[PDB]
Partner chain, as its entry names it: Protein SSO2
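First, one chain by itself: the form solved without its partner chain, in structure tokens.
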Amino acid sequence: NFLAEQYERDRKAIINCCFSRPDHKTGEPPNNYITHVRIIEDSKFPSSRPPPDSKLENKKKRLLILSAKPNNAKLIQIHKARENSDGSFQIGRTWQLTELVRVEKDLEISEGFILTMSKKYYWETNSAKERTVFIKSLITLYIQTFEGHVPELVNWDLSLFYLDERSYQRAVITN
């Protein structure tokens, strides 16, 4: 199982670099790692579906990482990171989970999805399964974190998140 073993190696490296030691300059406890996924980011088209003619040099390998504040399981953060040659990771951006307002499945690209937080971000997983697995983790985390609320969901099977039509209408943040 390549995807399972890659997950085990990635998770151990992520926790080791970035979610186990006290803060470098502040001494705060580290965040608690929750999950992650590998993503492809197009540097020229980061907020929309990239065209097929997009140069291959535009494609960047990044990771999305979810974590919780050390003294508040209700404060979730999303981190984007890149992988260093030694096996460690460098976080380049952090969002608070309260920024997630819209999550859309790309109907045309089987690995594509769009998160609306600070703005719209287009990303691709490496496989359709990895999109299903990560978005499930993300929406499940949100519904649990914000006690019965859910961002706007576009083109998803609601049953993936244990919702149906009218449970989604009661829970969606747009009210």
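Residues that one form lacks are left out of the comparison. Numbering follows the first chain given and starts at 1. The term rigid core refers to the maximal set of C-alpha atoms that superpose within 1.5 Å between the two forms.
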ask   = Per the PDB record, is the mean Cα temperature factor higher over 151 to 159 or over 17 to 25?
value = 17 to 25
ask   = Would 30 to 38 or 55 to 63 have the larger average of its C-alpha temperature factors, as given in the entry?
value = 55 to 63
ask   = If you check the C-alpha B-factor for each of 145, 125, 118, 137 in the entry, which is highest?
value = 118
query = Considering only 114, 107, 68, 141, which residue's Cα atom bears the greatest B-factor as recorded?
reply = 107
ask   = residue 166: which third of its chain by C-alpha temperature factor?
value = highest
task = Place residue 101 in the lowest, middle or highest third of its chain's C-alpha B-factors, as listed in the PDB entry.
result = lowest
inquiry  = By the recorded C-alpha temperature factor, relative to the other modelled residues in its chain, which third is residue 91 in?
reply    = middle
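We do not show the form deposited with its partner chain bound, though everything after this point is about it.
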4.5 Å heavy atom contact with its partner chain in the entry with it bound for all of 45, 156 and 169 = yes
key: Contact test in the entry with it bound: residue 82 vs its partner chain, heavy atoms, 4.5 Å   = no
query = residue 23: heavy atom within 4.5 Å of its partner chain in the entry with it bound?
reply = no
query = Wondering, does residue 93 line up within 4.5 Å of its partner chain in the entry with it bound on heavy atoms?
reply = no
inquiry  = Does any part of residue 108 reach within 4.5 Å of its partner chain in the entry with it bound? Heavy atoms only, please.
reply    = yes
ask   = Looking at its partner chain in the entry with it bound, which residues in 81 to 104 have at least one heavy atom within 4.5 Å of it?
value = 102, 104
task = Verify the C-alpha shift of residue 72 between this form and the one not shown: is it 2 Å or more after superposing the core?
result = no
task = Align on the rigid core first; then say whether the Cα of residue 90 has moved by at least 2 Å between this form and the one not shown.
result = no
ask   = Which stretches of at least three consecutive residues shift by 2 Å or more at every Cα between this form and the one not shown, once the core is superposed?
value = 84 to 88
